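>>> only geometry, no sequence info:
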Ligand SMILES: [Mg+2]
Ligand SMILES: [Mg+2]
Ligand SMILES: [Mg+2]
Ligand SMILES: [Mg+2]
Ligand SMILES: [Mg+2]
Ligand SMILES: [Mg+2]
Ligand SMILES: [Mg+2]
Ligand SMILES: [Mg+2]
Ligand SMILES: [Mg+2]
Ligand SMILES: [Mg+2]
């Protein structure tokens, strides 16, 4: 029969690891780094594009930053295409919660379901895990600003600041040294970029090779705003950090 | 390498099972060719009957698919018949649903898309055959369309298939460079058959009795095959020009 | 490697043969059939001294007139137990009567070879056979007191006495000696202890071995530790005697 | 690569399907069986090897009938042959239920053809271990077909398969040449007996029982019938004297 | 139908719900509670066809309990009521519809308000200061329209209710065997010891 | 019996997905196609590769209309392209036009194609598609656009690019020439040059296929009377129109 | 409307003696005002010393008797040729009937 | 050596199905059983195998209808599937057509049933052989089933360990026994003799011998225990 | 359609996919449970091998199943979630049909069964998870502590531990838990739990979490400050004498 051709994607190694997950994580280590940092008054998401030609159209590009919802966003690292599948089912989970309960979906609840999905690919049906890691940034009113991460194993964890993809050992260390809790949002913006300057394998860090986003309850009214920075806004912020 | 056993990519980006299926097409050692007249289309195929115990009348690689479409197959008979039946079914279903006779080129397209699927899905094997469809289409005139195990298809001015395909093809390429047109300039199909047999004897360097060939002809609103006798008529006509 | 339903050149099912190696490794279990009843005993084999050994249930009730003991991967047995209970109860719903022990066992054994990859339904299948054997003990009016050994090969055998698990090899040569027609129930209880005490690594006591019997009059009962302790002692005394 | 011969739908690099080729060996290895077209009917015959004297003579019938007018006989794996007829019978019943007319022999050949070819398409199934000789009388006269594990079939004047196939084929080639005008049914029966006796001489070591049937327009009325009693005897006689 | 009333005063929500259960010709019981607590600060009362009413409530209950455990959190009364409405709205186009009407009274700890929701068997939901199901509205809305003030105390609420139950005892053909009354407030849910 | 319910594309220990890589190799071996974006239009172009001179190359469309405002071209295995075109046209109707009564905008249709491609990268019993597509279109709220879709399922927008054999060379050549004030006629001019490097056979309107997403063509609508329906923005060029331009 | 039922009856009578039992029925089978048979027996021996009769609509009665006998035969196969006690037979028949409760 | 024995859908290059051949090997390792017939009766005789001195003797004979039944040698659960499948076909023939099912047809059905498992991925073949006897509208019958699918009609035979003995004896005894018409006991004694050219180091007891008989005016019935002392 | 048999027997009678599953547990963080006269306490270690960890939102290691039963685990975290969801659902369903909450034994038995099923069905691998389940039965004060493991085997324990270095903390307890005189206070029982973790965690209440289950659904997690007292105070006893 065809069980000769089946590389069994759901098994344990003799150490009790899941081959395909480990391998997908390996894959992810070569993706653009992404970063999330949470302040008491907002969240920052920053990410590095895969070295992009001069002819590539950077206005309409959205390789790493995606809106799930009016209040939750993700930064991706890994296979774009795999991610867009996941993003989309999540956008729908949010809508279903909203429609059942007439309340926007709490961030963890969403994160958990999406992680539960990845977990299933890891335990049944012989398909290959999704080669994606996610940073989720969101606001709800049970826990305010929140930051989470998930990977191909289905595991998720919450963070004050975190990175995924390339050079995370390096980047984690550097945040660990400079993060403080009272941190304001414009502090976090600055810290996010410092970290990618140091971390990037490319010799400079320039506007055309970044995606950037914030979630502010700022300013006057209690409502929450999500901003995905355009190329010109990112160039300005880079001058203003004297990284350029 | 199991990238050799099923339809997945080799590291060079190749589907060996597709390549090996092409190879199987030549197992019968039969050559075939098709050409176009002013208002007909003709196919010619060798016919070999090695065994003395076979009923010769049952030995054929040419099929009447529909009222209007003929198909000739290069390759082993079981796969030929499987593709024949399939196309018969498709052509009839098309008519029922859309209210007109299925066109050659569209049927070719469909049959090609079926082949394409065996190249992408693993539990299906490609068929070891090359189908040449002919008709006189009501929109397009005399037409020839060819399909292979890659899932590829194209229309032809004329064409030839088999081991000695190259000889035959170059012979025809030459003829049309001279003649400057894309068809045999002939009113009667009886002479387009004569042309076809002639231009084939010269390319294969070999002579034919009436039992060495099969012929099929597509006129406007019928595709039919010839009997040894209507063939014999043609071989006599050719001989009158020594 | 090679599918789970394959035969070895000796005509044996690999997965089933290997199943039996799991069973040789499990705690020990012994059954003895008499005219006054049937006794069932087990080694508990706590894995650490913090383990509350009450919680180790290797002897279970199936109906009032039928009990069960197990050695092997004991998790595997929870669903064989479920099926057997369901079969006994179900029988009695349809027939206003107790199921025959024989029939109940045959029912359990029918599960054993339903494993595979197969397809698709009618039914789906276990991926592997069960890694557990059972002694099934009961009374019915047709054949009286009865001990069966039900293995994952699907076969089952009646025994006047039987032992399964890590002890079985010697434990059985010992049963061959000791057993005769005329054993009283009490003789049989002590025997089972005698043989467990021998083959257990641990020093036997009321906390690491457990006893049960089934009699027509009182059905199947597990014995408490106090009742068992007093039979351990009872045996200690007869050991003083030669 | 190697192992092009382990899986059933696979093409070797020379263009071939080795599992079908191996099924042909299972056939070459079976007992001898044949078909002879006479000029209003057809005749089937088959060597039944006698393992032991404990077989009941007359009673292990290897020729099978389909509908009322078609005979099949096969060399190779017998249970596969029976399986194939069971299919053939469904096909003929379906055809007749819908179209009223009993199935035409060519139509019926292609039915088996397609079903057999179908078992060379997938690795999860195994090709048929038989060649099948069959035919009968339709509204256009007599037809004799033979069908290989690959689903190749053609029409024959005569046909043979199994161990004896070469002595039989040579012998049939005779008949064709030394009776160009056609052969009467009753003569074709006797010839068939002869030919089986001639082809038996590959393994004289074993004793054998002969079985013959015919479907003839004049003699059996276009229905398929076994030859037995006096006519069977008379054809066994003709076979004895043709040996000496 | 049976009697299902509710009123949202200033600091709590009061639910009044008839005690009788009758099967045709006999009154089978005179002490039946037509409520389930869905979470500590959320109470649902209900009425409609036999079997359906309870099955539906106990199913809603178990779902909200499941939610609470899973999230270690108590859904807002608004959310519970939207959940319930959606379930009823699925029921109507189903093979056999749940014929059940409910009132949901909750205290919303996050906004420190009481809230009353009325939902009929079609999934028609509405937030109200006072409500009822079936014919119960016909007798009592006159009085509530007149007397209701949003700043009423619980005691005032209970008086206004006493008057409503009297009007029902007077003008309504059925003997519904009194009511059980519960209060949902910031400290949770309790039952009024006696409606004498 | 489809036994093959498991992925045939899996992660190697290095993190590669071999079958996606190998598909990309098939693409690289394919004939050069390219696309370039002007301000008032987009052009996509490729080389017809006549397999016999007896074949009629007009009967091979390498450039395909997907919707009246959207076209495609490819490098790699043409059969895989043919069935992706069928699939894409259908999904534009079922998952967009049948709902909103208008054709999907370029990027959304690209997602749908991308998605199909991804599925063949993860589902049971299939290999990935061995093509890269360039898709060009226009829609009222995004204007003109150009996307590349890869076997992995990944896509990305471009001002201009190229795929297949000569693509590194051609991408270099396009960087020299592309500005953001390019008018459509000028981009065609450039497309023709950039193609001409990558080809040593005959180079003219019979061996070159080329389409534009431009102004609306009411002469190609088929009916008159609804002032709000203007023609398709998509148009293949004629053998003639091409040679005409091979003067400049 | 096709009406799937009919009435052939039929009268049957069963009496329990103290060490014996009888079961009796007329042998006449009717439809409306017609006789179909003057001898069409309706009491059957089903063989674990059990006699059965199913009076009413003849076709449904025949189906039931068939099914029960088959049940007896399968009880044997399945329970080591055990004899089927009358009370077990009765339970078994409740199940056959209730099987068609609707 | 032998990649070709991994499943049933794989032919060897010589043309063999190894998995089937390995299933036939389970039969030879089974305990011996013998079948034979006159024109009026058919008889099974079977040697049952116990595990210990403490254990039952596994039954080898199964009744399939009043007029038919069989003995097994090899994988017992498998016989249980097949004999059950047969009971159903015997039953279906009675209920639907009011007809005792012919032994020839039961033969054909078992063949077709076994053949399924030998052409399909995932199915192992059956690991049991069977002797079936029946008395039907054309008198006494005996069949031998193999899990390859081949069924063959015989006057006598045996299957299982050392059965070559019992078979050679039957070949020589033939004309004696073929005429034991209207005599049940003689035919049994002639079966029991046969089964003896097959015992190595043990002889027939009351506990290990089972016998069945069927025929004209005698329904398929099985003797064991006291009932068989008669002939031992 | 994917039903490949992944948990099968090898020739020595072992089932490697299940044994490999235990390897995942051995790599998981240590968890431990000990029972009092009338509390049960569950303690688990954290990795502070990273410390920008948002501890209020990040999944806890101890989970409520019902208001009277908790469950903790070692091994694959993603896998744990699925056992917990199934359990929570079973607990609510049990109330619905029997009108009583689950016994701890029942709930354990349920979860073990799920685990077992996944060692015997096509298309799936076993759970990389081992569990401790604790609580009190309804209207009952005798505390319960149960353990499950990937094979589906379960049993109860006076006290027990699982995860990396479990065999070290098992030693410790194997000789510090008196079955005749189990910890009579909560405070006492919490102390014995922290003690046993301190053999292996070796930082402090940064890395420890405790949860105390008492009768009548009285469940509570400690905050690091109050846990700290138990740590700081364990020091004064080991050193001075
Ligand atoms: Mg999904
Ligand atoms: Mg929802
Ligand atoms: Mg039941
Ligand atoms: Mg709806
Ligand atoms: Mg309505
Ligand atoms: Mg037009
Ligand atoms: Mg009526
Ligand atoms: Mg041997
Ligand atoms: Mg529930
Ligand atoms: Mg499952």
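Arrived safely, thanks for sending. Numbering: from 1, shown residues only, chains lettered A, B, ... in the order given. Ligands and ions are numbered 1, 2, ... in the order given.
>>> the helices in chain A, which residues?
Using DSSP state H, the helices found in chain A span residues A:19-29, A:80-101, A:107-120, A:168-178, A:185-199, A:231-239.
>>> between these, which one is closest to residue B:31.
Among the helices of chain A, the nearest to residue B:31 by Cβ to Cβ is helix A:80-101 (46.1 Å). Where you see a C-beta, it was placed from the backbone N, CA and C, and this is true even at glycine.
>>> mind listing residues that contact the closest one?
A:63, A:66, A:68-69, A:72, A:74, A:76, A:103-105, A:109-110, A:113-114, A:117-118, A:130-132, A:134, E:75, E:79, E:82-83, E:86, F:111, F:114-115, F:117-118, F:121-122, F:152-154 (Cβ atoms under 8 Å, 6 or more residues apart in numbering or on different chains).
>>> what's the answer for stretch H:84-98, then?
G:66, G:70, G:73, G:77, H:64-65, H:68, H:70, H:99-101, H:105-106, H:109-110, H:113.
>>> repeat that for stretch A:235-244.
A:189-190, A:193-194, A:197, A:205-207, A:210, A:212, A:229.
>>> what does chain F put close to chain G?
Residues of chain F lying close to chain G by Cβ under 8 Å from any Cβ of the partner chain: none are found.
>>> which residue does chain E have closest to ligand 2?
Ligand 2 sits closest to residue E:83 of chain E, with a gap of 9.0 Å, by Cβ to the ion.
>>> host element of that residue?
In this structure, residue E:83 sits in helix E:77-92 according to DSSP states H and E.
>>> in chain A, which residue sits nearest chain F?
residue A:81 (2.7 Å; Cβ to the nearest Cβ).
>>> that residue: how many residues sit nearby?
As a burial measure, residue A:81 scores 26 neighbours (other Cβ atoms under 10 Å in any protein chain shown).
>>> now swap in the one 4 residues further on and tell me
Burial of residue A:85, expressed as a neighbour count using other Cβ under 10 Å, amounts to 19.
>>> distance of it relative to residue E:69?
Applying Cβ to Cβ, to the nearest Å, the value for residue A:85 to residue E:69 is 31 Å.
>>> residue F:50 now?
Applying Cβ to Cβ to residue F:50 and residue E:69 gives a distance of 70 Å.
>>> more neighbours: the two, which one.
Between residue F:50 and residue E:69, counted using other Cβ under 10 Å, residue E:69 has the larger neighbour count: 19 against 16.
>>> that one falls within a helix, correct?
Yes: using DSSP: H, G, I helix; E, B strand; the rest coil, the assignment for residue E:69 is a helix.
>>> neighbouring strands for the longest strand anywhere in chain F, and are they parallel or not?
Assignment by DSSP state E gives strand F:131-139 as the longest strand of chain F. Applying DSSP bridges, strand F:131-139 is found paired with strand F:70-76 (antiparallel), strand F:143-149 (antiparallel).
>>> same list, those strands, but as a markdown table with mean neighbour count please.
Shown next, in a markdown table, are those (neighbours: other Cβ atoms under 10 Å in any protein chain shown):
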| stretch | mean neighbour count |
| --- | --- |
| strand F:70-76 | 28 |
| strand F:143-149 | 22 |
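>>> of those strands, which is nearest residue G:34?
Proximity to residue G:34, assessed across those by Cβ to Cβ, is greatest for strand F:70-76 (78.8 Å).
>>> I'd like the next helix or strand past the closest one.
Beyond strand F:70-76 toward the C-terminal end (DSSP H and E), the next one is helix F:78-92.
>>> could you measure from the residue of chain A closest to chain F over to chain G?
53 Å (Cβ to the nearest Cβ, to the nearest Å).
>>> what's the answer for residue E:173, then?
Using Cβ to the nearest Cβ, residue E:173 is found at 38 Å from chain G.
>>> wasn't that residue part of a helix?
No: assignment of residue E:173 by three-state DSSP gives coil, placing it outside any helix.
>>> check contacts around it.
Per Cβ under 8 Å, 6+ apart, neighbours of residue E:173: none.
>>> just the helices in chain H please.
Listed in chain order, the helices of chain H (DSSP H) span H:18-28, H:76-97, H:103-117, H:163-177, H:184-196, H:226-229.
>>> over to chain E?
So, for chain E - with DSSP H - the helices run E:52-71, E:77-92, E:136-147, E:154-171.
>>> and the longest one, anywhere near ligand 2?
No: if you take Cβ under 5 Å from the ion as the test, helix E:52-71 misses ligand 2, and the best it gets is 10.1 Å.
>>> what's the angle between that helix and helix E:77-92?
130 degrees (axes from the mean of the first three to the mean of the last three Cα atoms, to 10 degrees).
>>> now do helix E:52-71: which elements does it pack against?
Contact analysis of helix E:52-71 by 3 or more Cβ pairs under 8 Å, 6 or more residues apart in numbering or on different chains; DSSP states H and E lists strand E:35-39, strand E:42-48, helix E:77-92, strand E:100-108, strand I:62-66, helix I:77-98 as its packing neighbours.
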